[PDB]
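Peer 1: Have a look at this one before I ask anything.
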Amino acid sequence: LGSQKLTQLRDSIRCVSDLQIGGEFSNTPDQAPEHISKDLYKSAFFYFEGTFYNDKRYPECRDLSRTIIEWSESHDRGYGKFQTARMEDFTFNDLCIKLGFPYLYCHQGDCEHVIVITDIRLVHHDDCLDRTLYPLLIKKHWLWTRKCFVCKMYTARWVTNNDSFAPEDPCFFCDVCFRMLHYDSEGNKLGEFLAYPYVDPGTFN
DNA sequence: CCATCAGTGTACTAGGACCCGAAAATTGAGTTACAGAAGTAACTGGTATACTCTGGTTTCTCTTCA
Ligand SMILES: [Zn+2]
Ligand SMILES: [Zn+2]
């Protein structure tokens, strides 16, 4: 919605990089899940025609654009004259952009999404008229879902690297086939591996 | 009747070559130096496969002693 703050769209973009759980759970897979990456790395920024609207709303937020502006303040790199902003003092109605031109939305460190303002139109009477739901999803992609590599009946909850049982190197397992292949009777890892929790992108996105 | 179990009708991948254009880089001529290395362009021996009388040979009647 025009005249609707930025960070009203940043908080709406469903990306699975917000739901990834950190750390490795090989020794014991019953650990209290570390906070999803939505909570740990709260920083993000839009880039709209030479101005990094940074999400400095929270204290855990740090300037992701500082890296780029420093990297460009060095040796000339094509780019030049980068700006900054705060993304809570801005609405889409205050923004000076091109249509159909790719801009940036970086979040979770370097999960980059290419933003394209396809068109701008005055609101009609036959579309949604609310605001409580308006940065709303017109279309999404319906990605594929990874499955457990042992039995192809359930989706992958775990991804293991350097597994001394897996044929493939990154091997995805459901919970059942993971518990059954790597753990003797009480949680002592059998063999060697690095198991991480796997958020299926084709499910939470 | 609620279990199960191929097919199906598709956008969504997965390899798998392959192409289209752009931008950067080179090539090319022009000069004038510089030293040295390629790069043909030229006359001038040197030793073998035919080769041409020729020196010897060979019966074959004869020459010359004996
Ligand atoms: Zn993302
Ligand atoms: Zn499984």
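Peer 1: Which condition number in (1) hydrophobic (A, V, I, L, M, F, W, C); (2) under 18 Å from the mean Cα position of the chain (by Cα); (3) outside any loop (DSSP other than H, G, I, E, B) is the one that A:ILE69 fails?
Peer 2: Result: A:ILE69 passes all but (2).
Peer 1: Can I ask one more? Can you tell me which residue in the stretch A:128-147 is farthest from DNA strand B (Cβ to nearest atom), limited to those that are charged (D, E, K, R) and exposed (fewer than 10 other Cβ atoms within 10 Å of the Cβ)? I'd like the intermediate steps shown before the answer.
Peer 2: First, the residues of the stretch A:128-147 that are charged (D, E, K, R): A:130-131, A:139-140, A:146-147.
Those still in the list that are exposed (fewer than 10 other Cβ atoms within 10 Å of the Cβ) too: A:130, A:139-140.
Values: A:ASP130: 27, A:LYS139: 9, A:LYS140: 9 Å.
That would be A:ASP130.
Peer 1: Might you check whether a residue that is among the polar types (S, T, N, Q) and more than 30 Å from A:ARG157 (Cβ to Cβ) occurs anywhere in the stretch A:33-51?
Peer 2: yes
Peer 1: So, in the stretch A:124-162, how many residues would count as being touching a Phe, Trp or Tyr at 6+ places or on another chain (Cβ under 8 Å) and either in a loop (DSSP other than H, G, I, E, B) or within 16 Å of ligand 2 (Cβ to nearest atom) (or both)?
Peer 2: Applying the first criterion (touching a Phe, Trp or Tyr at 6+ places or on another chain (Cβ under 8 Å)) to the stretch A:124-162 yields A:128, A:146-150, A:156-162.
Next, only the ones that are either in a loop (DSSP other than H, G, I, E, B) or within 16 Å of ligand 2 (Cβ to nearest atom) (or both) stay: A:128, A:146-150, A:156-160, A:162.
The number of residues fulfilling the criteria is 12.
Peer 1: Now for a separate question. Filter the stretch A:1-49 down to the residues that are outside any loop (DSSP other than H, G, I, E, B), of a type outside the set (A, V, I, L, M) and under 30 Å from A:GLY187 (Cβ atoms) and list them by number.
Peer 2: Kept after step one, since they are outside any loop (DSSP other than H, G, I, E, B), are these residues of the stretch A:1-49: A:5, A:16-18, A:37-40, A:44-47.
Filter again for of a type outside the set (A, V, I, L, M), leaving A:5, A:17-18, A:37-39, A:45-47.
Within the stretch A:1-49, A:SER17, A:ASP18, A:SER37, A:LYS38, A:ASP39 qualify.
Peer 1: Just checking, how many residues over the stretch A:72-85 are assigned to a loop (DSSP other than H, G, I, E, B) and either over 25 Å from the mean Cα position of the chain (by Cα) or in contact (Cβ under 8 Å) with a residue 40 or more places away in the chain (or both)?
Peer 2: Residues in the stretch A:72-85 being assigned to a loop (DSSP other than H, G, I, E, B) and either over 25 Å from the mean Cα position of the chain (by Cα) or in contact (Cβ under 8 Å) with a residue 40 or more places away in the chain (or both): 6 in total.
Residue by residue, here is whether (1) touching a helix residue (DSSP H, G or I) at 6+ places or on another chain (Cβ under 8 Å); (2) more than 25 Å from A:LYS140 (Cβ to Cβ) holds:
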| residue | (1), (2) |
| --- | --- |
| A:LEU6 | yes, no |
| A:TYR41 | no, no |
| A:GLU70 | no, yes |
| A:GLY78 | no, yes |
| A:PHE92 | no, no |
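Peer 1: Name the residue that is surrounded by the most Cβ atoms within 10 Å (Cβ to Cβ), counting only residues in the stretch A:148-205 that are within 19 Å of A:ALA32 (Cβ to Cβ) and of a type in the set (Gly, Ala, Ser).
Peer 2: A:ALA195
Peer 1: Listed residues A:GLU88, A:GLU112; which is assigned to a strand (DSSP E or B) and away from DNA strand B (no atom under 16 Å from the Cβ)?
Peer 2: Values: A:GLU88 fails: assigned to a strand (DSSP E or B).
From the options A:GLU88, A:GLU112, the qualifying one is A:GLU112.
Peer 1: For the stretch A:50-64, give me each residue that is touching a residue at least 24 places away in the same chain (Cβ under 8 Å) and either part of a helix (DSSP H, G or I) or among the aromatic types (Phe, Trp, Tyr) (or both).
Peer 2: So the first thing to find is which residues in the stretch A:50-64 are touching a residue at least 24 places away in the same chain (Cβ under 8 Å), and the list is A:50-57, A:64.
Within the stretch A:50-64, A:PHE52, A:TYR53 qualify.
Peer 1: Please work out if A:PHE165 is within 16 Å of ligand 1 (Cβ to nearest atom), of a type in the set (A, V, I, L, M, F, W, C) and part of a loop (DSSP other than H, G, I, E, B).
Peer 2: On the way: within 16 Å of ligand 1 (Cβ to nearest atom): no; of a type in the set (A, V, I, L, M, F, W, C): yes; part of a loop (DSSP other than H, G, I, E, B): yes.
No.
Peer 1: Please enumerate the residues belonging to the stretch A:134-192 that are in contact with a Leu (Cβ under 9 Å, 6 or more places away or on another chain), of a type in the set (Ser, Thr, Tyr) and without any contact (Cβ under 8 Å) to a residue 40 or more places away in the chain.
Peer 2: Answer for the stretch A:134-192, where residues must be in contact with a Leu (Cβ under 9 Å, 6 or more places away or on another chain), of a type in the set (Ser, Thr, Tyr) and without any contact (Cβ under 8 Å) to a residue 40 or more places away in the chain: just A:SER164.
FYI, it's all coordinate maths here, none of it is from the lab. Because the Cβ atoms are built from the backbone with ideal geometry, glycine has one as well, and the counts that use them run over all protein chains shown.
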